[PDB]
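In what follows, a structure is listed as structure tokens, so that the remarks can point back to it.
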Amino acid sequence: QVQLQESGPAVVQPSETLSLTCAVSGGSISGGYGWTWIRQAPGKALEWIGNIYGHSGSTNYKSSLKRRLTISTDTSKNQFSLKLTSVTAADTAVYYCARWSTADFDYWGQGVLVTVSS
Amino acid sequence: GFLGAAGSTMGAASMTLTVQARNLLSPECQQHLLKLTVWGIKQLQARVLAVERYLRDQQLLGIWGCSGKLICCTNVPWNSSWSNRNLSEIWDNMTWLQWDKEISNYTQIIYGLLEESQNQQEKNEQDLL
Amino acid sequence: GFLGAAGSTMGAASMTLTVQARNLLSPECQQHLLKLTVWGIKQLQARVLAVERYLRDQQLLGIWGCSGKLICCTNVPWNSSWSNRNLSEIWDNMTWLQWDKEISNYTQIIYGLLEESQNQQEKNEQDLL
Amino acid sequence: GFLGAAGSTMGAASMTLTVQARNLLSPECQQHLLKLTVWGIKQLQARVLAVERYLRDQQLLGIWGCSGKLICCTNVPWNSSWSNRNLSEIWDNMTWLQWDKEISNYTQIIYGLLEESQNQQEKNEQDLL
Amino acid sequence: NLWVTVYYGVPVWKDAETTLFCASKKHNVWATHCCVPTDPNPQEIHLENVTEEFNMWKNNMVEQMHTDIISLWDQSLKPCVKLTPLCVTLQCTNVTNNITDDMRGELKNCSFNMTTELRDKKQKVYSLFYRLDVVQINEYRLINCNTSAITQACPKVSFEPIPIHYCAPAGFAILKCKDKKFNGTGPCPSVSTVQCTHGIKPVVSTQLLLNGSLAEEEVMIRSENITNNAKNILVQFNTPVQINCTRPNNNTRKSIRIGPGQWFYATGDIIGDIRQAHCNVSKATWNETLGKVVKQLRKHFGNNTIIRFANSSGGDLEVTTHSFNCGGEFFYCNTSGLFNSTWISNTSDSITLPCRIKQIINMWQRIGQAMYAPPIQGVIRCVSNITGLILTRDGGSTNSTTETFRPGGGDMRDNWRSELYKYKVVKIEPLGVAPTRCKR
Amino acid sequence: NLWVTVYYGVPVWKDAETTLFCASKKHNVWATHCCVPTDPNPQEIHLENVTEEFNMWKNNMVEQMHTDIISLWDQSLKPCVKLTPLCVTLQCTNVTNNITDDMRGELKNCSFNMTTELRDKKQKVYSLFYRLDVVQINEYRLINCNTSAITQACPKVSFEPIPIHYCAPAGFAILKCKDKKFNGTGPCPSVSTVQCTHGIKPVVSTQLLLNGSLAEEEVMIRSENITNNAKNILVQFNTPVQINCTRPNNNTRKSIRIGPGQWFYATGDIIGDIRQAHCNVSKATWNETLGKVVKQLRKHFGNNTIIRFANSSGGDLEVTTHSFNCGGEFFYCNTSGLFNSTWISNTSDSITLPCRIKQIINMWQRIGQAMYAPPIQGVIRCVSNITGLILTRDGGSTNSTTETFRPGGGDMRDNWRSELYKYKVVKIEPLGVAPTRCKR
Ligand SMILES: *[C@@H]1O[C@H](CO)[C@@H](O[C@@H]2O[C@H](CO)[C@@H](O[C@@H]3O[C@H](CO[C@H]4O[C@H](CO)[C@@H](O)[C@H](O)[C@@H]4O)[C@@H](O)[C@H](O[C@H]4O[C@H](CO)[C@@H](O)[C@H](O)[C@@H]4O[C@H]4O[C@H](CO)[C@@H](O)[C@H](O)[C@@H]4O)[C@@H]3O)[C@H](O)[C@H]2NC(C)=O)[C@H](O)[C@H]1NC(C)=O
Ligand SMILES: *[C@@H]1O[C@H](CO)[C@@H](O[C@@H]2O[C@H](CO)[C@@H](O[C@@H]3O[C@H](CO[C@H]4O[C@H](CO)[C@@H](O)[C@H](O)[C@@H]4O)[C@@H](O)[C@H](O[C@H]4O[C@H](CO)[C@@H](O)[C@H](O)[C@@H]4O[C@H]4O[C@H](CO)[C@@H](O)[C@H](O)[C@@H]4O)[C@@H]3O)[C@H](O)[C@H]2NC(C)=O)[C@H](O)[C@H]1NC(C)=O
Ligand SMILES: *[C@@H]1O[C@H](CO)[C@@H](O[C@@H]2O[C@H](CO)[C@@H](O[C@@H]3O[C@H](CO)[C@@H](O)[C@H](O)[C@@H]3O)[C@H](O)[C@H]2NC(C)=O)[C@H](O)[C@H]1NC(C)=O
Ligand SMILES: *[C@@H]1O[C@H](CO)[C@@H](O[C@@H]2O[C@H](CO)[C@@H](O[C@@H]3O[C@H](CO)[C@@H](O)[C@H](O)[C@@H]3O)[C@H](O)[C@H]2NC(C)=O)[C@H](O)[C@H]1NC(C)=O
Ligand SMILES: *[C@@H]1O[C@H](CO)[C@@H](O[C@@H]2O[C@H](CO)[C@@H](O)[C@H](O)[C@H]2NC(C)=O)[C@H](O)[C@H]1NC(C)=O
Ligand SMILES: *[C@@H]1O[C@H](CO)[C@@H](O[C@@H]2O[C@H](CO)[C@@H](O)[C@H](O)[C@H]2NC(C)=O)[C@H](O)[C@H]1NC(C)=O
Ligand SMILES: *[C@@H]1O[C@H](CO)[C@@H](O[C@@H]2O[C@H](CO)[C@@H](O)[C@H](O)[C@H]2NC(C)=O)[C@H](O)[C@H]1NC(C)=O
Ligand SMILES: *[C@@H]1O[C@H](CO)[C@@H](O[C@@H]2O[C@H](CO)[C@@H](O)[C@H](O)[C@H]2NC(C)=O)[C@H](O)[C@H]1NC(C)=O
Ligand SMILES: *[C@@H]1O[C@H](CO)[C@@H](O[C@@H]2O[C@H](CO)[C@@H](O)[C@H](O)[C@H]2NC(C)=O)[C@H](O)[C@H]1NC(C)=O
Ligand SMILES: *[C@@H]1O[C@H](CO)[C@@H](O[C@@H]2O[C@H](CO)[C@@H](O)[C@H](O)[C@H]2NC(C)=O)[C@H](O)[C@H]1NC(C)=O
Ligand SMILES: *[C@@H]1O[C@H](CO)[C@@H](O[C@@H]2O[C@H](CO)[C@@H](O)[C@H](O)[C@H]2NC(C)=O)[C@H](O)[C@H]1NC(C)=O
Ligand SMILES: *[C@@H]1O[C@H](CO)[C@@H](O[C@@H]2O[C@H](CO)[C@@H](O)[C@H](O)[C@H]2NC(C)=O)[C@H](O)[C@H]1NC(C)=O
Ligand SMILES: *[C@@H]1O[C@H](CO)[C@@H](O[C@@H]2O[C@H](CO)[C@@H](O)[C@H](O)[C@H]2NC(C)=O)[C@H](O)[C@H]1NC(C)=O
Ligand SMILES: *[C@@H]1O[C@H](CO)[C@@H](O)[C@H](O)[C@H]1NC(C)=O
Ligand SMILES: *[C@@H]1O[C@H](CO)[C@@H](O)[C@H](O)[C@H]1NC(C)=O
Ligand SMILES: *[C@@H]1O[C@H](CO)[C@@H](O)[C@H](O)[C@H]1NC(C)=O
Ligand SMILES: *[C@@H]1O[C@H](CO)[C@@H](O)[C@H](O)[C@H]1NC(C)=O
Ligand SMILES: *[C@@H]1O[C@H](CO)[C@@H](O)[C@H](O)[C@H]1NC(C)=O
Ligand SMILES: *[C@@H]1O[C@H](CO)[C@@H](O)[C@H](O)[C@H]1NC(C)=O
Ligand SMILES: *[C@@H]1O[C@H](CO)[C@@H](O)[C@H](O)[C@H]1NC(C)=O
Ligand SMILES: *[C@@H]1O[C@H](CO)[C@@H](O)[C@H](O)[C@H]1NC(C)=O
Ligand SMILES: *[C@@H]1O[C@H](CO)[C@@H](O)[C@H](O)[C@H]1NC(C)=O
Ligand SMILES: *[C@@H]1O[C@H](CO)[C@@H](O)[C@H](O)[C@H]1NC(C)=O
Ligand SMILES: *[C@@H]1O[C@H](CO)[C@@H](O)[C@H](O)[C@H]1NC(C)=O
């Protein structure tokens, strides 16, 4: 049904801003779902970044990223996106977008492997 | 615990002023009074009147410079015409009920004098600075 | 005996503050108002409102440290922008009605400053002890 | 601007007492409440009750000698049974909500003692003169 | 040099919108309405200077009277009979016996089937009626049946217009304007403070104001806007005009039990001749009075224009006639005989006004309600003081030819502002500040 | 070392039981009920920490609304017509003209002898009626005659559910819980103080909650006790479901004078075809919505149990149907078409709900009273937001087989606590003591 698909830079340099867009098809961006960013650092377990609701904003961010991280949507393209400023080496991960519903993530994208490197 | 001092001499009863002064502001009815509201009117009138009386006493103490404390000296000489009596004849031998009767007709004389004593005192302080 | 000072200069009228302040709390109807009780409502509303106004004035004097007496100095410098006038120009030549108009738009400025002057004064006393 | 201090330590919150105290006395309905007057009764009851509560607080401060100012020392020793705590443990670390709970069951003990402290103080002044 | 110093008890004020007390027979509604005594009222405090601004056309004391008088009236008559059952088909003929010609067709004699106290029996009763209360079917019905069940005013409720005084509540004061010939607005130079106003008689009327106060010096003509023909002109006379009104015909009253404790009062047979009600106005007095009015009126009109008085054309009784209540009955008198003149702007014993009466009275416009005044036995004799007039302009194109002026009706507010123009209520504001050379 | 020191203005409080003000069309009852303005309300003060304890199931603001709304309703309609005289034997036939099959027997055409304004004449009148208001004798009578004289709601009184706000009186404050997904009880970690609540629309309904607020994030299922089948479950949706309701049939209205100022409104002949009232609920939207509800519901149920939705069996219209008022008319719609599903616990365009209407409405249980809504002319079109549901469990023995759940009725308290759960009112207690190192 719902298909999510990430896109954006594979390589971002240190200190720059990483911007990943997750297109939504097979459903609306405006629905009552938690659009969520999750990343898995290479060799590591999966880590939650934050989310936003299709009908309300009302976001949730990992607190350690709140000063660098913005999550927003664009309803004209039926998409949501992840904006992370001042990236560092520790931010290398494969970033995935997912659709949160009630108790689990019903839908997942493919992910973008992002390397932070000059 | 309330009016037991009303028979004590005025002097002895001066220690119970707190006892009497402290009582001045002392479901189901909640629904009953909102129906047949004449009862509600009577209760509101009673509450309001208690408040008005309270405030007038406070206003009198305010105007005389006696707001705060239960006993204040006002510097108005006692006129021994209002009561040509010794303190040993009244404080030690009379009760407040008797005393109130003894000088009931000077109440308004004294109160006017008390207001002026305060007016002069405030004027003097403002004139000094 | 009441508002005759409203035309006197502010200075002269300072001696009548008592005259006006003292009037603030100033059978048959007893049965009439318990019937056709809308009349009872009007009377209760009037009584209550008089009380509320009275208490708000007292609360303002309380918060500014001017509860008690009719005249108090509050240590807030007069800002000659509120009124860039001499005392001989206002106390001796203006009436209170004129004055009230002259600075009507600073009422809230002054009151906020007065509240803080008192806050600082109480703090200082508590800090001393 | 009102209750934001309710979580601050008691010490920090001592600077907002004015902020909370100042809010205590805070057409069309004019005709609506004179009809279907049960609504008028509810409004009058609310107004009256606010006044009564206000006056009882003032009466308590009056009887304890704390009428005027927001903070007063009353010379009643603190009994470290009511609360066997250090000031650095309560003023610096507890909020007023927590504190009120901590000693809620001594409210009446302290108040009775406060009334007597004042009774003794007034007696002493009258005895001196 | 100077610091804020707070002064409490400062003699200042602001315009107020408040409720006045009322202050003062057994049956009189005002007597029982406000028991608050008044008489010892040398409480008038002259204020030097001040020069307060008044505007009688915006006076909220007038508005208060309107609301309270209507309420008192309705409350007083609410618990009476409620003659709903009287609204039935009537069988009527005219009264044709000891009558004059001016009364032909004026009175009806109607019979009907009225209920009795038992809910199974009827009685045949009759009453005489005035034609103004009865409407022909296509048989007759009472006219009110079109919109309202009506009541019967209680015979034990008195509306004699005894004067009442209004008094301000604590925190408020009333400023009285003593400026002789004050027109009604602006900076009145001479004022005084009272707690209570003088007494005002709550007299209800159209066209001619009765039993009010008289001007202290000269006739006063005042209006909100003298050049606006949409506004009423109030005229206060400095001398009264005597008017003698009567209701001839010695009437009797029946008492019919229509239900278990419900009595209806019917008009019974008339004793003696049946004659028309009327009012007598002194001819010379009226002439002099209008002469004074026009001489004053001319202040606002072109030189040597010609001013006339005219018949009160309009669509109803409360519009075209002089309504009033006296002796308990409601009169509707024809004043066309008074308002008929030309003043030329260069000039060198009883006017009888025919009058009719009614029982089913709506009182204040309204659609429904109405009080059915009960009959009064015997005869009525009333003598009143005409103290003023309410008039309007035509406002047409001007080619000389000044308005021919007409007396008229309006609501009750205009019959009160004519007295209330002297008073304003203000709120006392005792707390204020000024700079002073002092510190704590 | 330390002495009692008294501090006044201390920022503390206790739970309160008080009366809130209400704050805000000409005819709307809430518009005229509370004139107290509200809009400029950035008066929300965030409180750090605090962690106040809430319990929506004990919220006395809900109780206040119940009492005040009923009172306002009754007061507003008390002074209307009081159609006692309409309770007579009716002569009826069915309406059989331009009709559909689903309306056969739905409408009656009844004639009767009505009174006229004169207490001696009758008139033959007729009105169309819905069968739900009319009961056959052994001829017909109005159904209410068994217990009550009924009134006629005034055509000039509007019950459009405009939102109102509640505000605390001085000495009290309202604590708002901002904890997203707060279930309704316990230590809400994030609160703020307001003097006034947000506006709430006083919408009356059963089964489906209309035009309320939506959940900020996800669907919330809350109940006093989730394991007690005697308790209702309130469900708040995070998205609205669009429901389009209509009453076809272009109706007209008669106006019959039944007495002296008493008018009755009858239903006249219908213009065009006579069709059944109904509501349209988006099929996909409803499906998605319940899917979200069950996914949340499962939190409290056994693994992979099977959950179903079912028909609202019960004994009355206010029990089994979706009642609401829109366009001024009272609808009773059949929701069995919505509550019919199995979720399998492993799964991968307009539902039409037939609906009937009534005029004789009791409103709040009760035995007597009832308001006879007058007819509305023309047609009715309503679009509403379904914002939530009220459901119950069966509570039977468990052998897997989870409840088949049913929507249902209840009193109005449950349609308000769904919004009021966010608010608590407390009493401010400014006076208190603490030890301090000082003496006078
Ligand atoms: C402008 O101002 C004038 C002046 O005040 C005013 O006219 C006056 O109106 C009042 C009321 O309409 C008139 O008073 C009535 O007078 C008659 C006549 O009685 C005379 O003789 C007695 C003998 O002792 C004298 O005391 C008295 O003064 C007269 O000389 C009275 O009979 C009237 O009283 C009856 O009616 C009252 C109605 O409320 C009852 O309350 C009262 O109990 C009396 O009722 C009894 O008798 C009735 C007779 O049929 C009977 O039906 C009842 O059941 C009951 O038994 C009343 O006193 C006064 O005389 C008028 N003044 C003049 C000069 O005529 C104008 O009306 C006023 N203008 C306007 C527009 O307001
Ligand atoms: C959930 O929320 C929705 C959204 O608000 C709400 O639905 C709305 O309900 C209201 C009230 O039922 C609807 O308002 C009515 O709309 C009709 C249609 O008028 C249209 O055209 C005019 C032209 O200027 C527009 O202004 C207007 O907005 C519409 O586009 C109006 O005719 C209604 O007014 C009449 O009835 C009122 C009843 O109180 C009268 O007060 C008013 O004076 C009008 O009466 C006159 O006309 C009558 C016609 O026969 C006549 O009988 C009367 O005597 C008199 O002459 C009213 O404005 C609004 O449109 C609905 N919104 C939608 C989208 O449909 C839901 O009801 C709500 N759900 C629940 C359960 O509460
Ligand atoms: C208004 O109409 C009524 C109804 O006709 C008139 O009353 C009627 O008056 C006549 C004459 O007074 C009454 O006749 C009586 O008959 C008895 C029979 O024995 C006789 O003894 C009496 O002397 C008298 O003749 C008649 O009964 C009476 N009707 C009623 C119902 O009372 C009334 O007089 C008319 N009023 C006017 C102003 O015309
Ligand atoms: C409900 O029942 C009433 C009562 O029968 C129906 O009203 C009746 O309708 C008929 C036909 O419209 C009316 O007949 C009229 O007769 C006159 C005679 O000259 C004729 O000129 C008219 O053109 C018409 O034929 C009849 O008077 C009327 N009755 C009443 C009391 O008004 C009503 O239509 C029925 N409504 C429905 C929905 O069935
Ligand atoms: C009421 O009168 C009695 C006397 O009749 C008062 O009694 C006095 O009590 C004190 C107590 O120590 C004694 O010392 C006095 O000698 C008593 N008086 C006499 C005359 O013996 C009593 O105090 C009076 N009133 C009250 C309220 O106690
Ligand atoms: C009202 O204005 C008059 C002046 O127009 C004030 O009269 C003063 O009265 C005192 C009394 O001793 C005189 O010494 C002054 O010289 C008078 N003024 C003038 C200009 O001559 C009067 O005081 C003013 N208001 C009131 C309330 O008295
Ligand atoms: C609510 O709790 C927080 C801590 O959880 C308090 O925050 C303090 O804020 C001051 C501001 O300068 C800091 O110096 C403190 O260090 C903070 N506390 C901690 C533990 O870091 C906050 O003051 C409390 N309540 C209110 C009303 O502010
Ligand atoms: C009171 O009611 C009776 C009964 O209806 C009326 O008298 C009837 O009038 C009709 C008119 O033609 C006659 O045909 C009947 O025979 C009469 N019956 C009786 C018993 O008289 C009577 O006219 C009504 N009276 C009034 C004054 O309205
Ligand atoms: C009452 O008389 C005063 C005059 O004392 C009128 O006030 C004047 O109105 C004209 C109108 O343009 C102004 O230009 C004058 O300046 C006004 N005079 C004052 C002193 O303000 C007042 O309008 C008259 N009011 C009525 C009701 O006729
Ligand atoms: C208005 O005045 C005119 C003029 O006096 C009245 O008309 C005259 O009335 C007398 C009455 O007997 C007649 O004799 C005259 O012949 C009438 N004049 C004319 C020209 O016909 C007129 O009636 C007065 N109107 C009113 C309402 O009194
Ligand atoms: C209105 O009342 C009349 C009078 O009782 C009813 O008509 C009577 O109906 C009975 C029934 O058998 C007949 O025997 C009478 O002859 C009828 N009388 C008349 C004058 O028609 C009439 O049906 C009632 N109408 C309604 C609609 O209820
Ligand atoms: C709302 O959620 C809270 C959890 O934050 C529930 O409170 C818990 O209830 C269980 C029941 O046994 C207790 O053991 C926990 O200690 C409670 N937690 C806290 C923080 O007190 C609460 O019951 C839920 N309320 C509703 C209405 O579902
Ligand atoms: C509940 O769902 C069942 C299953 O879809 C509905 O029954 C079917 O309704 C369709 C409607 O045309 C029929 O064609 C099927 O044959 C029905 N199934 C069976 C087994 O008979 C049932 O009507 C639904 N109930 C409601 C209230 O909508
Ligand atoms: C009753 O009044 C009408 C009014 O014109 C009149 O025609 C009729 O002749 C009058 N009846 C009698 C008996 O005079
Ligand atoms: C009764 O009311 C109707 C309503 O239009 C009106 O036409 C008629 O003239 C009224 N009756 C009278 C006597 O005015
Ligand atoms: C009214 O009656 C009195 C009684 O003496 C009389 O003097 C006066 O002239 C009369 N007035 C008129 C207009 O007749
Ligand atoms: C009133 O004035 C007119 C003016 O011409 C005069 O003719 C008439 O006789 C006067 N009436 C009286 C009573 O003097
Ligand atoms: C006064 O008379 C002259 C004469 O022609 C005229 O023009 C003028 O308009 C008159 N004044 C008024 C105000 O009518
Ligand atoms: C007064 O009676 C005359 C008689 O011709 C009539 O023309 C006039 O319209 C009547 N006026 C009123 C107000 O009744
Ligand atoms: C009226 O409804 C009843 C209900 O069963 C029906 O039997 C009867 O035939 C209907 N009458 C008509 C005319 O359809
Ligand atoms: C009327 O009341 C009786 C009382 O028991 C009841 O049995 C009957 O069913 C009621 N009528 C209707 C239509 O329910
Ligand atoms: C309700 O009407 C609106 C009008 O545009 C429409 O868009 C919506 O889909 C309708 N809803 C249903 C359930 O038909
Ligand atoms: C609702 O869900 C059921 C689950 O099997 C499905 O069969 C049905 O087609 C769905 N309806 C819509 C409108 O998608
Ligand atoms: C979960 O499944 C197991 C399978 O046997 C069952 O025993 C257990 O009771 C189920 N849990 C619940 C809560 O129903």
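In the structure tokens, chains take the letters A, B, ... in the order shown, each chain's residues start at 1, and ligands count up from 1 in the order shown.
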
Practice item. From chain C, collect each residue whose DSSP state is strand (DSSP E) and return the set as a PyMOL selection string. Key: chain C and resi 71-77

Go ahead and write the selection's residues with C-alpha atoms as a PDB file, in the first residue's frame.
ATOM      1  CA  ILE C  71      -1.199  60.604  52.633  1.00  0.00           C
ATOM      2  CA  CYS C  72       1.988  58.604  52.020  1.00  0.00           C
ATOM      3  CA  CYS C  73       5.366  59.300  50.433  1.00  0.00           C
ATOM      4  CA  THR C  74       6.523  56.296  48.366  1.00  0.00           C
ATOM      5  CA  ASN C  75      10.083  57.258  47.327  1.00  0.00           C
ATOM      6  CA  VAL C  76       9.416  56.960  43.606  1.00  0.00           C
ATOM      7  CA  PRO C  77      10.985  60.013  41.896  1.00  0.00           C
TER       8      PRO C  77
END

Exercise for review: Counting only C-alpha atoms and all ligand atoms, name the residues that have an atom within 10 Å of an atom of ligand 17; the answer should be given as a list in words.
Suggested key: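 Using only C-alpha atoms and all ligand atoms, everything at most 10 Å from ligand 17 comes to residues 282, 283, 284, 285, 286, 287, 288, 289, 290, 291, 340, 341, 342, 343, 344, 346, 347, 348, 349, 350 and 351 of chain E.
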
May I have the selected residues written with N, CA, C and O atoms, as an mmCIF file, in the first residue's frame?
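Saved to result05.cif:
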data_model
loop_
_atom_site.group_PDB
_atom_site.id
_atom_site.type_symbol
_atom_site.label_atom_id
_atom_site.label_comp_id
_atom_site.auth_asym_id
_atom_site.auth_seq_id
_atom_site.Cartn_x
_atom_site.Cartn_y
_atom_site.Cartn_z
ATOM 1 N N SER E 282 -58.610 76.643 29.857
ATOM 2 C CA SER E 282 -58.872 78.096 29.816
ATOM 3 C C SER E 282 -58.459 78.709 28.486
ATOM 4 O O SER E 282 -57.298 78.586 28.074
ATOM 5 N N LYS E 283 -59.378 79.449 27.836
ATOM 6 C CA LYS E 283 -59.039 79.984 26.516
ATOM 7 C C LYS E 283 -57.967 81.012 26.549
ATOM 8 O O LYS E 283 -57.050 80.997 25.729
ATOM 9 N N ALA E 284 -58.079 81.937 27.482
ATOM 10 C CA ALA E 284 -57.116 82.997 27.520
ATOM 11 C C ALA E 284 -55.795 82.484 27.973
ATOM 12 O O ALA E 284 -54.755 82.928 27.484
ATOM 13 N N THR E 285 -55.816 81.531 28.892
ATOM 14 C CA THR E 285 -54.574 81.058 29.431
ATOM 15 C C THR E 285 -53.812 80.356 28.335
ATOM 16 O O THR E 285 -52.605 80.551 28.174
ATOM 17 N N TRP E 286 -54.514 79.532 27.567
ATOM 18 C CA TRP E 286 -53.891 78.806 26.493
ATOM 19 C C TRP E 286 -53.309 79.769 25.484
ATOM 20 O O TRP E 286 -52.184 79.574 25.020
ATOM 21 N N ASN E 287 -54.059 80.813 25.143
ATOM 22 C CA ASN E 287 -53.588 81.785 24.178
ATOM 23 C C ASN E 287 -52.306 82.446 24.635
ATOM 24 O O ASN E 287 -51.344 82.556 23.870
ATOM 25 N N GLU E 288 -52.279 82.878 25.891
ATOM 26 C CA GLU E 288 -51.103 83.536 26.407
ATOM 27 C C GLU E 288 -49.939 82.593 26.389
ATOM 28 O O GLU E 288 -48.819 82.976 26.036
ATOM 29 N N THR E 289 -50.204 81.357 26.766
ATOM 30 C CA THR E 289 -49.179 80.364 26.854
ATOM 31 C C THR E 289 -48.557 80.105 25.510
ATOM 32 O O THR E 289 -47.330 80.079 25.394
ATOM 33 N N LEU E 290 -49.364 79.938 24.471
ATOM 34 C CA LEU E 290 -48.740 79.681 23.198
ATOM 35 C C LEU E 290 -48.062 80.913 22.690
ATOM 36 O O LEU E 290 -47.037 80.814 22.021
ATOM 37 N N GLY E 291 -48.587 82.087 23.015
ATOM 38 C CA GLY E 291 -47.941 83.297 22.570
ATOM 39 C C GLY E 291 -46.512 83.309 23.109
ATOM 40 O O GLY E 291 -45.563 83.601 22.376
ATOM 41 N N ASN E 340 -54.431 74.967 16.802
ATOM 42 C CA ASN E 340 -55.023 75.573 15.624
ATOM 43 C C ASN E 340 -54.823 77.079 15.614
ATOM 44 O O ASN E 340 -55.649 77.821 16.148
ATOM 45 N N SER E 341 -53.718 77.548 15.057
ATOM 46 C CA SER E 341 -53.492 78.996 15.084
ATOM 47 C C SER E 341 -52.473 79.485 14.086
ATOM 48 O O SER E 341 -51.640 78.721 13.603
ATOM 49 N N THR E 342 -52.514 80.793 13.830
ATOM 50 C CA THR E 342 -51.507 81.492 13.041
ATOM 51 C C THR E 342 -51.040 82.691 13.837
ATOM 52 O O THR E 342 -51.863 83.475 14.306
ATOM 53 N N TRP E 343 -49.732 82.872 13.968
ATOM 54 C CA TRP E 343 -49.236 83.981 14.781
ATOM 55 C C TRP E 343 -48.910 85.285 14.069
ATOM 56 O O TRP E 343 -48.514 86.267 14.713
ATOM 57 N N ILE E 344 -48.995 85.290 12.752
ATOM 58 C CA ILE E 344 -48.753 86.473 11.911
ATOM 59 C C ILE E 344 -47.388 87.170 12.021
ATOM 60 O O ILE E 344 -46.976 87.837 11.076
ATOM 61 N N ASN E 346 -46.968 89.576 13.892
ATOM 62 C CA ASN E 346 -47.426 90.950 14.093
ATOM 63 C C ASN E 346 -48.884 90.986 14.551
ATOM 64 O O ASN E 346 -49.762 91.345 13.766
ATOM 65 N N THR E 347 -49.152 90.651 15.812
ATOM 66 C CA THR E 347 -50.525 90.668 16.311
ATOM 67 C C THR E 347 -50.646 91.566 17.519
ATOM 68 O O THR E 347 -49.666 91.809 18.222
ATOM 69 N N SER E 348 -51.859 91.991 17.832
ATOM 70 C CA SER E 348 -52.069 92.807 19.020
ATOM 71 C C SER E 348 -51.630 92.075 20.279
ATOM 72 O O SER E 348 -51.932 90.890 20.450
ATOM 73 N N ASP E 349 -65.064 81.410 26.727
ATOM 74 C CA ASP E 349 -63.748 81.559 27.397
ATOM 75 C C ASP E 349 -63.262 80.183 27.847
ATOM 76 O O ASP E 349 -62.413 80.133 28.748
ATOM 77 N N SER E 350 -63.762 79.114 27.227
ATOM 78 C CA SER E 350 -63.248 77.767 27.563
ATOM 79 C C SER E 350 -63.196 76.902 26.312
ATOM 80 O O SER E 350 -64.238 76.728 25.684
ATOM 81 N N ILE E 351 -62.018 76.409 25.953
ATOM 82 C CA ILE E 351 -61.931 75.458 24.817
ATOM 83 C C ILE E 351 -62.395 74.123 25.385
ATOM 84 O O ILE E 351 -61.885 73.735 26.444
#

**Study point:** Spatial neighbours of range 146-157 of chain F, max dist 12 Å, only C-alpha atoms, sep filter under 5 positions, as number ranges by chain
**Key:** F: 25-33, 72-88, 133-135, 137, 141, 253, 255, 262-266, 328-329, 359-362, 366-377

Exercise for review: Could you please extract the residues within 7 Å of ligand 14, counting only C-alpha atoms and all ligand atoms, and hand them back as a PyMOL selection string?
Suggested key: chain E and resi 93-94+96+104-105

Review point. Can you list, as JSON, numbers by chain, every protein, DNA or RNA residue that comes within 9 Å of range 19-31 of chain D when you count only C-alpha atoms, leaving out same-chain residues fewer than 5 positions away?
Key: {"C": [52, 55, 56, 59, 60, 63], "D": [1, 2, 3, 5, 50, 51, 54, 70], "F": [8, 9, 10, 11, 32, 33, 34, 35, 36, 169, 170, 171, 172, 428, 430]}
